[PDB]
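Protein chains in written order, with the working numbering: chain W, 1 to 217; chain R, 218 to 435; chain L, 436 to 658; chain P, 659 to 881.
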Amino acid sequence: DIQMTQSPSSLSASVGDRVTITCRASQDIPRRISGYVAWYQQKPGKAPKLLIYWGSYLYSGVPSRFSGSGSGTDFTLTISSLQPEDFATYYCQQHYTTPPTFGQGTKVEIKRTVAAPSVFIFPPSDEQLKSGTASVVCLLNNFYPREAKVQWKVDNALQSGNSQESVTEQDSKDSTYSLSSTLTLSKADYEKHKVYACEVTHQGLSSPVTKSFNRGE
Amino acid sequence: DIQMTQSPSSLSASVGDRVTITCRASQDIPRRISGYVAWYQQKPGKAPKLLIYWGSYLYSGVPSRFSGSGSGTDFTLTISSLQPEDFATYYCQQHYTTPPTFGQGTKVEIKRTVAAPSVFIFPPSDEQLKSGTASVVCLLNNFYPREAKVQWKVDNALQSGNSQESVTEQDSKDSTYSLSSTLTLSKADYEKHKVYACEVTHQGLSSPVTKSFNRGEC
Amino acid sequence: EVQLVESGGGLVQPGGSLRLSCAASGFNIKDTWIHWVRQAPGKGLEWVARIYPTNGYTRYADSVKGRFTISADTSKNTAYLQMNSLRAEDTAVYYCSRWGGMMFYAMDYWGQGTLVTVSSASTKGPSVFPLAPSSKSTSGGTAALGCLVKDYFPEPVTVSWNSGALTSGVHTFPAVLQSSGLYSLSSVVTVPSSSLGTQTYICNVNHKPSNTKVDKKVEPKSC
Amino acid sequence: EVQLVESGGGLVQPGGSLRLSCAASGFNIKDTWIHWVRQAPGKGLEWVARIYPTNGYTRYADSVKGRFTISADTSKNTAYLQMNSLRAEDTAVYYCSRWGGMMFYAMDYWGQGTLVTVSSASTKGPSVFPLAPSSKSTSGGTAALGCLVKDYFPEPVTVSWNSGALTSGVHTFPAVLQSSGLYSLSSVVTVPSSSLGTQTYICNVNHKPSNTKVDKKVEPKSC
């Protein structure tokens, strides 16, 4: 069926950059059939917000740095001066057809200067250990860019396959990320070892940072 | 561009007949693109009235004998039991395109029983003759079918090319027509002749009917 | 009491300009789309333009682009069609219509229409002559009488009988254009033969383009 | 003052059914079109359905046609999505939106959305464990604290700190699915190191699907 092809699928731009996103119809469409193209912005955990309707009309209240334009099958959203708060995924929508359809989305990330993580380690609680499991957590706080490597060691034994990572969405004010790494051990295995260490490698660190504790200290 | 082709362009049908009118798109249209086809009725001297919208929805207050359907790029307006008041021109409208376009229209006439006309001839008024011209009027009233023939004679000379006809739109209650034939003469020509005659031929009349007057008599 | 009413139509010379108005009541044109649709004499419907008064968004038919401007004054609840560089082919009855309350693609209310005639010919009011009844001219069981409304331009004329008190049996004929370039029509009515010479019959003719109104008494001619 | 609020989302077994509600205020739904749009986790937006409430006209995406029904009640000013024969692939946040002011083809207001999770697993509340530094840990003057919100299902959980009084420096991580098939996350906050052992820090966890709420005071461990 008729579809919009949105491109690019993601991008990164600095504050103040002019950004342009493109929506392209799938087929040929008989002349005079209008698509009434709308653009929406969606931030994490929120509903999409209308930016542009009928190709070029700025929705009420939306900052003037957003504009839409069209010509033929091709439509374009333009952010004239990117701001930190414009981190989002942007979608087009076409009304040639009923039902209408959306473009695939374009993830906009804000580029900023390199920022090294601050690193913290947390031992498991006695309460959890009672239940049979030990979760050890490493936090990497407020860094850029998103890419980071965490290595766990237990009594200098590299742990592989027993950790999970989570990363926050880009911050809407300072454009940094934070990341958690959680190491799972059985209570028996936790009690058999002493030194618990998180080693972080990141572009903002001249060499890796290691945070540790000793069990029972 | 995309147009709608309406068929038939005209039809005639009896009270109680089921009438169905068709509207077809000009071309193939990508699937999923909706026509939101609307149907309008227009009576003489009035604005069109909404009957059906979005292909099949009945507008509020429109009689239930009207219904719309579709399938592909073919749409149908259906009058299930034709009524005398349904004499009108019916139009479809498509909204695939902006701007939208209308069908070319379908004129629906009501068939009824043959009805002969009543016939009256009117001499020119003395007030008119004052200004140099005489109009002679023949009236055919409340007849069916529409086809009729009027012949004018002045002192037995067939008048050809100096009359004009007008016909009313079909009556919304009784489905009849009426017609005027007006003969234009100079005052001088009028005063030179005596017998003015309108002869009417019509299906409802077994023989033609003549109405006449003699100038200067009463 | 949702209503649209057009005004401003009339006779204009080729190349001239005219502004039509479409006054809304019973609703707010800010909560709608307003359309102009036209109909040339004896032809079908032609969409002309639409406006979304909140936006100022306007679309036009190709046939009027560059020449016509649709607009609206929401304080007056009135929409306009400014027509410039008029041509004979713009001769038509112009209707305004709307879409009602998010119910798009359905022209639910229309005005009565305003006639625009593009012509070099000048306005002229009609002469009104009686089509007198006669006791000796009965057909189909009645008498008949009427008024001949002759030599006018442009359309239209209206005819009533007895100030609107007489409607039954009236036929006002569509006008015909004469070889002279002027219109003419008759309005007739069938009446009881017994009413003749005793009831008053008056045709009320109004040709608004020339500001011509005439009340003509029609009676049997004295014998 | 225009607002839409969805309700009724939750956990349901495959092949089951659920009814979402969308309550409007600040406007009347009979003046509008209402739509439902969903988002699978991590995925794009997917239009689901729309209704014109005044006349019941509905249209659906192929993906749900024959299983879902959009309806509305204009008197309660409330619309509904009846979802039958649910499948894994219907797991999503469901949003309601509208068309406003005859401004069609523009969803101007949306609700916050409601999560529907299509699964055979049962609901389970989290256990909440403190994240506090070791007593021998040092800092440069800023220290981190947190709560480990472990072993729950389905999404979502919310976390605040000090009943909403502590917002700066809070990071609540996206949940991760564990090999057990249960979610876990952590919520952390950075605070002055000097304030540890003096200022109270409580994480307030709410897992509405299980009606599990915990307020956990986080302090470094007494050795």
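Positions of the beta carbon are idealized from the N, C-alpha and C atoms, including for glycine.
Nonlocal neighbours in the same chain, by C-beta distance under 6 Å from residue i, ignoring five residues either side
{"i": "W54 (chain W)", "result": "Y36"}
{"i": "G421 (chain R)", "result": "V331, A332 and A333"}
{"i": "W545 (chain L)", "result": "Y530 and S532"}
{"i": "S69 (chain W)", "result": "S56 and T76"}
{"i": "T593 (chain L)", "result": "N641"}
{"i": "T625 (chain L)", "result": "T577, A579 and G604"}
{"i": "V209 (chain W)", "result": "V119 and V200"}
{"i": "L453 (chain L)", "result": "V447 and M518"}
Beta-carbon gap between residue i and residue j smaller than 8 Å
{"i": "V563 (chain L)", "j": "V447 (chain L)", "result": "no"}
{"i": "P334 (chain R)", "j": "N358 (chain R)", "result": "yes"}
{"i": "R533 (chain L)", "j": "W471 (chain L)", "result": "no"}
{"i": "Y718 (chain P)", "j": "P99 (chain W)", "result": "yes"}
{"i": "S851 (chain P)", "j": "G799 (chain P)", "result": "yes"}
{"i": "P265 (chain R)", "j": "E386 (chain R)", "result": "no"}
{"i": "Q6 (chain W)", "j": "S26 (chain W)", "result": "no"}
{"i": "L583 (chain L)", "j": "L601 (chain L)", "result": "no"}
{"i": "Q474 (chain L)", "j": "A527 (chain L)", "result": "yes"}
{"i": "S297 (chain R)", "j": "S277 (chain R)", "result": "no"}
{"i": "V611 (chain L)", "j": "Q381 (chain R)", "result": "yes"}
{"i": "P63 (chain W)", "j": "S175 (chain W)", "result": "no"}
{"i": "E217 (chain W)", "j": "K794 (chain P)", "result": "yes"}
{"i": "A148 (chain W)", "j": "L185 (chain W)", "result": "no"}
{"i": "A764 (chain P)", "j": "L50 (chain W)", "result": "yes"}
{"i": "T781 (chain P)", "j": "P672 (chain P)", "result": "no"}
Straight-line Cα distance separating residue j from residue i
{"i": "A507 (chain L)", "j": "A707 (chain P)", "result": "35 Å"}
{"i": "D303 (chain R)", "j": "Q321 (chain R)", "result": "18 Å"}
{"i": "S554 (chain L)", "j": "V437 (chain L)", "result": "34 Å"}
{"i": "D497 (chain L)", "j": "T399 (chain R)", "result": "42 Å"}
{"i": "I250 (chain R)", "j": "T314 (chain R)", "result": "10 Å"}
{"i": "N597 (chain L)", "j": "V605 (chain L)", "result": "11 Å"}
{"i": "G666 (chain P)", "j": "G702 (chain P)", "result": "22 Å"}
{"i": "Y841 (chain P)", "j": "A255 (chain R)", "result": "54 Å"}
{"i": "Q159 (chain W)", "j": "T78 (chain W)", "result": "46 Å"}
{"i": "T418 (chain R)", "j": "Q310 (chain R)", "result": "41 Å"}
{"i": "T830 (chain P)", "j": "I52 (chain W)", "result": "32 Å"}
{"i": "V649 (chain L)", "j": "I637 (chain L)", "result": "10 Å"}
{"i": "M537 (chain L)", "j": "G758 (chain P)", "result": "8 Å"}
{"i": "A88 (chain W)", "j": "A157 (chain W)", "result": "40 Å"}
{"i": "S9 (chain W)", "j": "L82 (chain W)", "result": "17 Å"}
{"i": "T633 (chain L)", "j": "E654 (chain L)", "result": "9 Å"}
{"i": "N735 (chain P)", "j": "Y40 (chain W)", "result": "26 Å"}
{"i": "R725 (chain P)", "j": "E664 (chain P)", "result": "20 Å"}
{"i": "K153 (chain W)", "j": "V137 (chain W)", "result": "12 Å"}
{"i": "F143 (chain W)", "j": "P814 (chain P)", "result": "26 Å"}
{"i": "residue 438 (chain R)", "j": "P609 (chain L)", "result": "With chain R running from 218 to 435 in the structure shown, residue 438 (chain R) is simply not present."}
Own chain residues within Cβ distance below 7 Å of residue i, not counting five before or after
{"i": "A556 (chain L)", "result": "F588 and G616"}
{"i": "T858 (chain P)", "result": "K875"}
{"i": "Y710 (chain P)", "result": "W691"}
{"i": "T647 (chain L)", "result": "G560 and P561"}
{"i": "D74 (chain W)", "result": "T22 and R24"}
{"i": "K808 (chain P)", "result": "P784, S785, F787 and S842"}
Cβ shell of residue i (< 8 Å), same chain only, five flanking positions each side left out
{"i": "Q128 (chain W)", "result": "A134 and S135"}
**Item:** Selection of the stretch 14 to 32 of chain W by Cβ proximity to chain R, strictly under 9 Å
**Value:** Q27, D28, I29, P30, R31 and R32
**Request:** Please go through the stretch 22 to 54 of chain W and give each complete alpha helix (DSSP H) segment of 4 or more residues, from N-terminal end onward.
**Result:** none
**Prompt:** Taking the runs of the beta strand (DSSP E) that are 3 residues or longer, which of them lie wholly in the stretch 125 to 202 of chain W?
**Reply:** 133 to 143, 149 to 154, 163 to 167, 177 to 186 and 195 to 201
**Prompt:** Mind listing which residues of the stretch 478 to 503 of chain L have their C-beta closer than 7 Å to chain R's C-betas, in chain order?
**Reply:** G479, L480, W482, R494 and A496
**Request:** Check distances from the C-beta atoms of the stretch 525 to 546 of chain L to those of chain P and list, in chain order, the residues that come in under 8 Å.
**Result:** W534, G536, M537, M538 and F539
**Message:** By the 7 Å beta-carbon criterion, what residues does the stretch 806 to 835 of chain P contribute toward chain W?
**Reply:** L806, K808, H829, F831, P832 and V834
**Request:** Could you list the residues in the stretch 95 to 109 of chain W with a C-beta less than 7 Å from some C-beta on chain R, going in chain order?
**Result:** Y96, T97 and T98
**Every unbroken alpha helix (DSSP H) within the stretch 74 to 127 of chain W, with a cutoff of 4 residues, ordered by chain** = none
**Item:** Within 9 Å of chain P by C-beta, residues of the stretch 111 to 127 of chain W in sequence order
**Value:** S118, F120, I121, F122, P123, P124, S125, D126 and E127
**Item:** Contact list for the stretch 248 to 262 of chain R against chain W, Cβ threshold 8 Å
**Value:** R248, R249, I250 and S251
**Message:** Runs of 4 residues minimum, wholly inside the stretch 770 to 857 of chain P: which ones carry the alpha helix (DSSP H) assignment?
**Reply:** none
**Asked** Residues in the stretch 673 to 701 of chain P with C-beta within 7 Å of chain L's C-beta atoms, listed in sequence order?
**Response** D689, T690 and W691
**Item:** Cβ-based contacts, 9 Å cut-off: residues of the stretch 615 to 628 of chain L near chain R
**Value:** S619, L620, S621, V623 and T625
**Request:** For the stretch 853 to 874 of chain P, enumerate the residues whose C-beta is nearer than 9 Å to any C-beta of chain W, in chain order.
**Result:** none
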